[PDB]
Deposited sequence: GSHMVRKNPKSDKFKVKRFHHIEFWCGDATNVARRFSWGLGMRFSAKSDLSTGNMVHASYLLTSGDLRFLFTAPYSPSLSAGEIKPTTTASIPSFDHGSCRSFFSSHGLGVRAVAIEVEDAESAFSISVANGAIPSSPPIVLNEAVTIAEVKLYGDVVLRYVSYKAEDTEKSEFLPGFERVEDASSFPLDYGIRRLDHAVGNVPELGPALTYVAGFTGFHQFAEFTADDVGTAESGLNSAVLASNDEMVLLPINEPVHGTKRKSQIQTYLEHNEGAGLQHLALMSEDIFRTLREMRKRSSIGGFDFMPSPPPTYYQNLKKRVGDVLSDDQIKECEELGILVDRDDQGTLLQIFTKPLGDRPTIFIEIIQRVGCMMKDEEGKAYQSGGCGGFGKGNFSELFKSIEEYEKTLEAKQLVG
């Protein structure tokens, strides 16, 4: 059931912005680890005296990394005279965010038809304003409301290249890395209480519910914007990873970004080659019993050779009533056991592929558990 109740016209995920201590080092690490190319910049060399912002892209996936300069460089500025390219940026907010939470996502940005309308409608329907609509070079409008914790939902709308004031990055510094990642599939928040978080976000967006934790998924009309939210379940045998997150993050925040690959086998080969030479590590692989049990579960979707390739790369498989999901999880992206990345590819639900085809892999909690005890034999 999709009641299509969006209160404003939403298109797709647009970008994810990380708030960093040093944007250069995080961006370079992420570029090599994920196969994303340097696409745009806004920094001292472009006249920005306030913040350094570097954009990585892979396909339609856009990762922005931002860090503040010394406030002294912009001490004579006021908002009407700012050299910042992202007008919502604030030195104190950024330093406080990073001190509190460490490296993590500040903004989940979605493209909308009209950021000013989306902002007004959101706030009229309960959204906590974070940054009012600001028109950039009469070409792009950006606005922000609180999503959960210190994460904002950013609306961006275009009259007609990332943002005004950003410069495209010269060829020599833009190595065309590509490991197959193509778009953001979903972005997941951890909160102390799921009910109030869902009511708030669904309240101001009109997003509907999509068919050690409790979780639920909010979706836009065409179910291409997907925002799962998790709460911890206390008292369990093993401590909830949601609760560990909330402790080390100092509260609610973005838990994982799921990145769709057009070839998850190639993506994982390339990322795993780089794990120990600057890239990302992956969670421990499932036991062989898990891949033995895949024949009964998805033997009609994946061949034996494809199942063996899943085993070689540590890939997990889950299945909907409609589609099949291939997924795998990185270890945390930074010092704290907080944010991590999921790589996914979906098969089925062809009409284009409908959003969320195959689900989110919740069935892999039991399948992993069963395979572990089975393997303990």
Legend entry - Unmodelled intervals of the deposited chain, in order: 1 to 6, 167 to 172, 224 to 235, 376 to 382, 409 to 417
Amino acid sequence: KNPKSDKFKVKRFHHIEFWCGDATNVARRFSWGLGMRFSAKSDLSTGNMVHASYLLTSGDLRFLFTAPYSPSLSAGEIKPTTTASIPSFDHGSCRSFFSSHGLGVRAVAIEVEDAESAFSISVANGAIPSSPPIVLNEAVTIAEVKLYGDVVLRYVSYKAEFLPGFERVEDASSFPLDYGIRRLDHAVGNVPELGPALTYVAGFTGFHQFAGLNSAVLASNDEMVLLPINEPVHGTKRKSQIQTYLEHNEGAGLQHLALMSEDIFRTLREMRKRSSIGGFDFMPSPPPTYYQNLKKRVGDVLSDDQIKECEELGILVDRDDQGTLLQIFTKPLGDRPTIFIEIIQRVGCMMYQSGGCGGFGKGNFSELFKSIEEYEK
From here on, numbers count along this sequence of modelled residues.
Legend entry - Between 162 to 170 and 198 to 206 (mean CA B-factor, as deposited), the higher: 162 to 170
Inset, instruction - Would you mind comparing 227 to 235 and 123 to 131 for me and telling me which has the higher average C-alpha temperature factor in the entry? - result: 227 to 235
Inset, instruction - Determine which member of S261, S96, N137, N190 has the highest CA B-factor, using the values in the deposited entry. - result: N137
Inset, instruction - Determine which member of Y291, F89, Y148, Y155 has the highest CA B-factor, using the values in the deposited entry. - result: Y291
Inset, instruction - Report the third (lowest, middle or highest) to which the CA temperature factor of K362 belongs, ranking only the modelled residues of the same chain. - result: highest
Inset, instruction - Would you check the entry's CA temperature factor for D281 and let me know if it's in the chain's lowest, middle or highest third? - result: lowest
Inset, instruction - Give the position of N221 by CA B-factor within its chain, expressed as the lowest, middle or highest third. - result: middle
Legend entry - Third assignment of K295 from its chain's C-alpha B-factors: highest
Inset, instruction - Could you say whether, by C-alpha temperature factor, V10 belongs to the lowest, middle or highest third of its chain? - result: middle
